[PDB]
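In what follows, a structure is listed as structure tokens, so that the remarks can point back to it.
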Amino acid sequence: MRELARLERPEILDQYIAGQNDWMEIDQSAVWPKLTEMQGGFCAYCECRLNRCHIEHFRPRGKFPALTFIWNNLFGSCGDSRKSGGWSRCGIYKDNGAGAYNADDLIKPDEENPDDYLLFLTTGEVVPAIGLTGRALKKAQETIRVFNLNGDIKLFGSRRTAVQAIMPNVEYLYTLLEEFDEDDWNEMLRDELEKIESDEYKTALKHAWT
Amino acid sequence: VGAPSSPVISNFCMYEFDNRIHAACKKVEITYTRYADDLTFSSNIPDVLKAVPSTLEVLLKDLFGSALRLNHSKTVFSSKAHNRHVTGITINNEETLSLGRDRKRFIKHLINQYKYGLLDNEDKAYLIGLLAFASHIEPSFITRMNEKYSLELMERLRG
Amino acid sequence: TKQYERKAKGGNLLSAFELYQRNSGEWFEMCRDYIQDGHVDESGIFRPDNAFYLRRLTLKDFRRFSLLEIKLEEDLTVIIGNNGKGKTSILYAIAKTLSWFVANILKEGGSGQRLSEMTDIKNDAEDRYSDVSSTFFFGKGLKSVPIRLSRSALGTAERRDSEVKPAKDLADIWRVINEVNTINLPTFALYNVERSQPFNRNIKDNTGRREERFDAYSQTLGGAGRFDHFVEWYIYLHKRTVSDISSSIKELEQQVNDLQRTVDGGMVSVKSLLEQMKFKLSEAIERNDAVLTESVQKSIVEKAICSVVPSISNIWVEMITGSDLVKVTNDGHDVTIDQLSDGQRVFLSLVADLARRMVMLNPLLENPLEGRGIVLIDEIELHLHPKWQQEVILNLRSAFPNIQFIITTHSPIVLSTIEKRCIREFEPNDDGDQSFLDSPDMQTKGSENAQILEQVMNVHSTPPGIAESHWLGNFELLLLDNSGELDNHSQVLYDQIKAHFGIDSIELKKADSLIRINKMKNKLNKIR
RNA sequence: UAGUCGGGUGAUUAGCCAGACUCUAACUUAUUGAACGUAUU
Ligand SMILES: Nc1ncnc2c1ncn2[C@@H]1O[C@H](COP(=O)(O)OP(=O)(O)O)[C@@H](O)[C@H]1O
Ligand SMILES: [Mg+2]
Ligand SMILES: [Zn+2]
């Protein structure tokens with residue numbers, strides 16, 4: 001997961017008020033293009049390419065009905081309740097499959113940098129970052145557990161495979177550091193790091209390259 | 001079904017059913033109508049009609065227990081990808097009521113036969129009856145037939 | 001009636017048949033043409049104008065299913081899921097439905113099979129009854145043939161009725177039209193896990209005649225086939241072919257010609273044998289000279305078997321020992337059927353049985369294996385080595401191009417040969433309340449097996465319960481904890497990986513790669 | 001690709017031409033009764 005930059009707030013959230021209005025009422029096609037600007041057409045938590053996608057309340061509408069029509073609270077997550085059943089990570093699992101959790105002990109990707117908490121191994125596990133204790137460890141652990149970032153075999157598989165595809169190219173660049181002057185080699189690495197913004201699982205590919 | 005009172009009684013017995021389901025559908029922007037035992041639901045929103053069958057089963061059980069049940073074999077989903085009809089009337093892709101291509105072609109066939117004096121009296125009577133129905137559902141079709149076949153021929157037929 | 005006449009002239013088969021029955025020429029010919037008309041496509045395969053297949057299946061309170069709907073493909077549908085997801089239940093439901101067509105093709109008002117009141121009703125269903133509803137298609141003139149099989153649980157005082165009249169109506173058309181003038185008939189077969197059995201040639205079934213056409217329907221939906229019936233039928237065909245004198249003359253003429261060539265090539269030792277065969281040929285010609293359909297039937301089946309079953313290149317009957325033996329050339333060696341491996345025998349049995357039935361039921365086709373039908377196969381990969389699993393669906397579909405196959409499998413290797421549109425997958429945590437089955441998201445045809453394992457079958461490509469499966473991950477984490485340098489702990493694990501997987505292993509190469517990359521990354525960091 | 005919709009042609013339920021559509025997804029139905037259309041009055 002990525003550090004997201006939440007920039008501008010859409011007009012429609014002003015109109016609807018919590019208590020009176022329900023989430024079934026609000027029009028969703030107004031909300032999406034601002035999220036798609038933020039998130040780049042990728043999921044908030046896992047970084048798949050969004051195709052079946054829903055608006056997710058980071059703090060849910062049951063436990064926090066005050067935090068409902070709040071631009072901070074909304075994120076575009078992979079999965080859909082409507083089109084098919086039994087989705088097993090991210091938004092849908094946080095509610096259904098991840099049972100009890102304190103929402104305070106989760107990484108919120110708009111507020112925080114995830115990179116200090118999470119580490120992506122090239123073998124395709126996501127793990128807590130090197131040298132965390134107490135609360136910083138507990139956030140890393142619970143984020144991994146609640147969004148099901150290792151436990152979804154479909155996701156674990158896809159990420160592992162995506163990284164293992166590029167590991168010849170990583171290996172090969174860091175041989176050529178010997179031969180070239182700095183500014184050409186630094187341009188080469190800048191380029192590869194430019195491409196992976198178009199790619200799925202961009203954080204995991206970054207950790208492989210950098 | 002054969003008794004003159006049965007239509008009235010059956011509609012009455014479905015009154016509460018109709019109230020509840022109509023109200024429920026209206027909240028989610030689904031159009032609902034009932035023609036005797038035939039229930040029709042339509043919407044412009046994708047992925048809302050899938051929930052309706054489950055809702056129906058619950059409501060039927062609530063109101064009638066096990067006495068009235070859905071025919072699960074007769075539950076059919078359709079869209080503008082496919083043929084759509086409601087009580088024998090085709091809804092075309094321009095959102096207009098139609099007899100359907102095959103029926104129109106058949107009527108044209110019969111008119112052509114009449115033009116050459118090949119229709120027997122029984123078939124003629126049949127054709128006349130069908131044209132009255134066509135006039136009610138698709139008046140534009142009659143106009144087209146007048147254009148295709150001479151108003152004189154068609155007037156002669158309908159006289 | 002005038003109404004039926006209008007519908008019949010519009011191409012409605014049932015109306016045409018009703019008019020035929022009431023008047024009993026025009027209408028008969030309409031019905032017969034509807035069934036027999038077709039054309040040969042660009043690939044040289046016969047295609048019926050009016051196809052027959054199962055369109056849709058609905059299960060209500062049946063075994064594990066509360067209410068389930070399946071849409072089937074006209075050609076191939078593969079059902080996948082874990083053990084206990086109800087894959088076999090689906091095939092059983094279909095097979096019972098098909099039994100009503102078979103019963104009524106054999107006998108007017110014949111009875112098909114029934115749902116079990118002991119086992120088939122869902123255990124916790126509040127309504128104590130079950131329904132299996134099917135819809136079949138038979139061309140544009142008969143777009144919908146609905147059947148329902150129903151059963152109430154054993155105690156229950158209300159009894160729920162089946163609705164089978166449409167099945168009977170369609171089967172009546174096949175039976176009656178066939179009686180007046182021969183038509184090709186549909187094949188219905190179920191091959192479940194019961195098809196694995198020991199072979200005994202010694203046991204012969206003396207119930208009915210194996211050469212009689214409608215014997216093709218005998219135990220067709222019983223699950224095992226009747227491989228014994230095949231062997232009996234094949235020996236029968238052989239005896240008739242050998243007894244036909246002109247083919248014997250042609251065969252003898254060919255043998256004499258082959259022997260004459262050998263004698264002309266300098267082998268004087270076979271001259272005595274040539275003279276004997278020439279005498280036999282002359283005698284055969286002298287005996288009153290007159291192509292056996294039996295000869296063609298035999299050839300068709302032999303070709304089918306050899307084409308579909310990879311290890312078998314030839315099949316024939318020998319009588320010279322004094323008992324009739326079917327022999328096969330298996331992997332270049334001539335063996336008896338009894339000597340085949342269980343995997344080979346079971347697969348041979350399936351194909352042989354299917355081919356026999358199609359030959360018997362499609363006498364008017366140039367290639368009888370291009371006939372119509374619905375064939376159900378449970379666990380297609382049963383006893384098959386991975387190598388064979390890569391061929392099996394392709395071979396079957398090539399040999400039987402107009403059959404609707406409905407298959408179950410646990411094999412990713414099989415799935416790698418099939419399009420995603422043909423696949424129906426259970427949701428991972430189903431609990432028997434899912435309303436509609438769907439296809440996987442990933443394209444399976446041409447994909448790597450390891451990807452199908454993970455993306456379609458929800459199984460790790462490396463066994464998570466083995467510690468060694470995690471060593472590379474642990475190794476990487478140790479390397480990253482010590483700023484990319486091999487410390488004592490990382491070196492120990494490296495040595496363990498080397499010791500366990502070997503010097504040439506993928507795993508060790510990955511470890512080496514990690515070392516190289518991390519060393520270089522650290523050097524860059526120091527320069528900065 | 002396929003299926004669907006159907007404006008036109010066509011001694012016409014066919015065939016051919018033109019244009020269009022695509023929630024995993026139509027399968028054209030039943031009278032003498034009831035209602036509706038037309039005729040009759
Ligand atoms: N009458 C029944 N009520 C409830 N569950 C049943 C009933 N009959 C069978 N089952 C369940 O259905 C499953 C049978 O799976 P089966 O049809 O053999 O599928 P598969 O071949 O995929 O294992 C088991 O989980 C069994 O417990
Ligand atoms: Mg009337
Ligand atoms: Zn996600």
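The way I read the labels, and the way they are meant: chains A, B, ... in the order of the structure tokens, residue 1 as the first residue of every chain, and ligand 1 as the first ligand shown, with later ones counted on from there.
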
task: Could you report the residues within 12 Å of ligand 2, using only C-alpha atoms (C1' of nucleotides) and all ligand atoms, as number ranges by chain?
output: B: 129; D: 30-37

task: Determine which residues of chain D sit within 6 Å of chain B, taking into account only C-alpha atoms (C1' of nucleotides), and present them as number ranges by chain.
output: D: 4-5, 12-13, 22-23, 25-26, 28, 33, 37-38

Can you tell me which residues come within 8 Å of ligand 1 when counting only C-alpha atoms (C1' of nucleotides) and all ligand atoms, ideally as a PDB file with C-alpha atoms, in the first residue's frame?
```
ATOM      1  CA  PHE C  62     -31.518 -30.922  -3.149  1.00  0.00           C
ATOM      2  CA  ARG C  63     -28.764 -32.484  -1.035  1.00  0.00           C
ATOM      3  CA  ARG C  64     -26.501 -29.574   0.022  1.00  0.00           C
ATOM      4  CA  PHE C  65     -28.247 -26.994  -2.214  1.00  0.00           C
ATOM      5  CA  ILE C  80     -14.809 -27.477 -10.302  1.00  0.00           C
ATOM      6  CA  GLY C  81     -14.584 -27.234  -6.525  1.00  0.00           C
ATOM      7  CA  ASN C  82     -13.339 -28.876  -3.350  1.00  0.00           C
ATOM      8  CA  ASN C  83     -14.548 -32.279  -2.213  1.00  0.00           C
ATOM      9  CA  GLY C  84     -18.086 -32.006  -0.860  1.00  0.00           C
ATOM     10  CA  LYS C  85     -19.127 -29.000  -2.961  1.00  0.00           C
ATOM     11  CA  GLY C  86     -21.829 -31.019  -4.782  1.00  0.00           C
ATOM     12  CA  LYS C  87     -20.181 -31.604  -8.193  1.00  0.00           C
ATOM     13  CA  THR C  88     -21.331 -35.231  -8.319  1.00  0.00           C
ATOM     14  CA  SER C  89     -24.783 -34.227  -7.038  1.00  0.00           C
ATOM     15  CA  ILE C  90     -25.168 -31.991 -10.104  1.00  0.00           C
ATOM     16  CA  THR C 119     -31.018 -39.202   0.832  1.00  0.00           C
ATOM     17  CA  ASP C 120     -31.777 -36.533  -1.783  1.00  0.00           C
ATOM     18  CA  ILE C 121     -33.822 -33.999   0.239  1.00  0.00           C
ATOM     19  CA  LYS C 122     -31.653 -31.412   1.988  1.00  0.00           C
ATOM     20  CA  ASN C 123     -31.372 -32.467   5.681  1.00  0.00           C
ATOM     21  CA  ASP C 124     -32.251 -29.048   7.238  1.00  0.00           C
TER      22      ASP C 124
END
```

task: Write out as a list in words which residues come within 10 Å of residue 120 in chain A when counting only C-alpha atoms (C1' of nucleotides), dropping same-chain ones fewer than 4 positions away.
output: residues 1, 115, 124, 125, 126, 127, 128, 129, 159, 160, 163, 203, 204, 205, 206, 207 and 208 of chain A; 477 of chain C

task: Report as a ChimeraX atom specification the set of chain C residues whose atoms approach chain B to within 10 Å, with distances computed over only C-alpha atoms.
output: /C:2,6,10,56-60,67,69,127,131-135,146-148,435

Selection file, N, CA, C and O atoms, as an mmCIF file, in the first residue's frame:
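In the end it all went to part_37.cif:
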```
data_model
loop_
_atom_site.group_PDB
_atom_site.id
_atom_site.type_symbol
_atom_site.label_atom_id
_atom_site.label_comp_id
_atom_site.auth_asym_id
_atom_site.auth_seq_id
_atom_site.Cartn_x
_atom_site.Cartn_y
_atom_site.Cartn_z
ATOM 1 N N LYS C 2 -56.645 -25.406 -37.746
ATOM 2 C CA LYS C 2 -56.007 -24.316 -38.473
ATOM 3 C C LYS C 2 -54.901 -23.686 -37.639
ATOM 4 O O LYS C 2 -53.911 -23.246 -38.210
ATOM 5 N N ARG C 6 -50.916 -23.346 -38.816
ATOM 6 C CA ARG C 6 -50.180 -22.100 -38.873
ATOM 7 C C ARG C 6 -48.830 -22.215 -38.165
ATOM 8 O O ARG C 6 -47.813 -21.801 -38.726
ATOM 9 N N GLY C 10 -45.013 -22.375 -39.615
ATOM 10 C CA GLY C 10 -43.985 -21.521 -39.059
ATOM 11 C C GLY C 10 -42.729 -22.266 -38.584
ATOM 12 O O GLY C 10 -41.793 -21.604 -38.139
ATOM 13 N N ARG C 56 -30.262 -25.189 -19.091
ATOM 14 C CA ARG C 56 -30.305 -24.644 -17.750
ATOM 15 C C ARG C 56 -30.759 -25.715 -16.769
ATOM 16 O O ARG C 56 -31.583 -26.560 -17.123
ATOM 17 N N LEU C 57 -30.202 -25.654 -15.551
ATOM 18 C CA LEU C 57 -30.554 -26.557 -14.466
ATOM 19 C C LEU C 57 -30.796 -25.760 -13.195
ATOM 20 O O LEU C 57 -30.012 -24.875 -12.886
ATOM 21 N N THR C 58 -31.859 -26.099 -12.461
ATOM 22 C CA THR C 58 -32.155 -25.462 -11.193
ATOM 23 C C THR C 58 -32.373 -26.529 -10.131
ATOM 24 O O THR C 58 -33.205 -27.401 -10.329
ATOM 25 N N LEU C 59 -31.704 -26.393 -8.979
ATOM 26 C CA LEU C 59 -31.846 -27.319 -7.867
ATOM 27 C C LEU C 59 -32.440 -26.603 -6.660
ATOM 28 O O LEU C 59 -31.907 -25.587 -6.250
ATOM 29 N N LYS C 60 -33.503 -27.158 -6.074
ATOM 30 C CA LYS C 60 -34.146 -26.578 -4.901
ATOM 31 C C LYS C 60 -34.186 -27.609 -3.780
ATOM 32 O O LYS C 60 -34.761 -28.663 -3.980
ATOM 33 N N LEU C 67 -31.036 -23.419 -3.089
ATOM 34 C CA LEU C 67 -31.558 -23.035 -4.395
ATOM 35 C C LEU C 67 -30.408 -22.658 -5.319
ATOM 36 O O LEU C 67 -29.735 -21.671 -5.029
ATOM 37 N N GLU C 69 -28.801 -22.380 -9.473
ATOM 38 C CA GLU C 69 -29.049 -22.287 -10.892
ATOM 39 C C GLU C 69 -27.723 -22.434 -11.640
ATOM 40 O O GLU C 69 -26.730 -21.816 -11.280
ATOM 41 N N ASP C 127 -39.179 -26.836 4.257
ATOM 42 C CA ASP C 127 -40.095 -27.573 3.390
ATOM 43 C C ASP C 127 -39.429 -28.910 3.124
ATOM 44 O O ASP C 127 -38.281 -28.915 2.676
ATOM 45 N N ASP C 131 -36.700 -30.320 -5.551
ATOM 46 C CA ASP C 131 -37.007 -30.169 -6.968
ATOM 47 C C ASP C 131 -35.748 -30.066 -7.819
ATOM 48 O O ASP C 131 -34.825 -29.325 -7.477
ATOM 49 N N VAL C 132 -35.716 -30.833 -8.911
ATOM 50 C CA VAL C 132 -34.684 -30.707 -9.922
ATOM 51 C C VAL C 132 -35.387 -30.316 -11.218
ATOM 52 O O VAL C 132 -36.090 -31.134 -11.806
ATOM 53 N N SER C 133 -35.128 -29.087 -11.677
ATOM 54 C CA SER C 133 -35.777 -28.526 -12.845
ATOM 55 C C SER C 133 -34.754 -28.316 -13.957
ATOM 56 O O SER C 133 -33.741 -27.669 -13.739
ATOM 57 N N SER C 134 -35.035 -28.822 -15.154
ATOM 58 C CA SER C 134 -34.137 -28.743 -16.295
ATOM 59 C C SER C 134 -34.882 -28.115 -17.455
ATOM 60 O O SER C 134 -36.097 -28.218 -17.499
ATOM 61 N N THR C 135 -34.162 -27.454 -18.363
ATOM 62 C CA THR C 135 -34.738 -27.012 -19.621
ATOM 63 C C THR C 135 -33.833 -27.424 -20.765
ATOM 64 O O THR C 135 -32.677 -27.004 -20.783
ATOM 65 N N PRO C 146 -39.145 -28.132 -20.776
ATOM 66 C CA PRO C 146 -38.951 -28.101 -19.325
ATOM 67 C C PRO C 146 -39.289 -29.410 -18.633
ATOM 68 O O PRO C 146 -40.327 -29.984 -18.946
ATOM 69 N N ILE C 147 -38.425 -29.914 -17.740
ATOM 70 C CA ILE C 147 -38.740 -31.116 -16.966
ATOM 71 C C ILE C 147 -38.533 -30.823 -15.485
ATOM 72 O O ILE C 147 -37.582 -30.139 -15.135
ATOM 73 N N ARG C 148 -39.411 -31.332 -14.616
ATOM 74 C CA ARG C 148 -39.161 -31.259 -13.191
ATOM 75 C C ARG C 148 -39.287 -32.632 -12.533
ATOM 76 O O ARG C 148 -40.307 -33.298 -12.678
ATOM 77 N N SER C 435 -26.602 -18.657 -5.295
ATOM 78 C CA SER C 435 -27.744 -18.717 -6.200
ATOM 79 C C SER C 435 -27.363 -19.121 -7.630
ATOM 80 O O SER C 435 -28.212 -19.704 -8.297
#
```

message: Let me see if you get this right: every residue at most 9 Å from ligand 3, counting only C-alpha atoms (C1' of nucleotides) and all ligand atoms, written as a list in words.
response: residues 42, 43, 44, 45, 46, 47, 48, 49, 50, 53, 76, 77, 78, 79, 89, 90, 91, 92, 147, 149 and 155 of chain A
